[PDB]
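As structure tokens, one chain now follows by itself in the form deposited in one PDB entry.
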């Protein structure tokens, strides 16, 4: 149970983040000021600055939240599914509504502040994927999970999984409406991966 007072602040925070994304997509980053984001979220600028030091920080949580929900659905997928299945299922269950994703991903390239946020997410996603995968193979055993998450095989598989969605996203953002199918196809390369070696 988190307090109603914290739940309301956290909701306000995410409303600011969404309003930021919604402005950046409509009108770009350059023309958008912290005070327009505040106005769009229906809050005073002081409220804006309670949560975010800059407008780039306001939108930064969306990148993270989408990566972290994907990672989570990879872990929580039903146990019997194979890793490609868990991965691909999690993609479908978490990363699908597009044009709002497009410009955001394109901002991760053109803005220096968001280039760093995007790098941080990608790395962070790669690491959580290592952890989720180790949890799917560990059979409840912490010592096994630790050994697996140390493994270059899992680090590599996670980079590949990460790269599967990232390349689909980036290349799509820089023709075909579904970056999805491309991401899903990409992930299929992990079918039959050798987890030991």
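Numbering follows the first chain given and starts at 1. Whichever C-alpha set is largest while still superposing within 1.5 Å between the two forms counts as the rigid core.
The following text describes the form deposited in another entry, which does not appear among the structures shown.
Only one of 37, 130, 67, 168 has its C-alpha shifted by 2 Å or more between this form and the one not shown once the core is superposed, and that residue is 37. Relative to the superposed core, residue 108 undergoes a C-alpha shift of no less than 2 Å between this form and the one not shown.
Relative to the superposed rigid core, residue 12 undergoes a CA displacement of at least 2 Å between this form and the one not shown.
Once both forms are fitted on their core, a CA shift of 2 Å or more is seen for residue 50 between this form and the one not shown.
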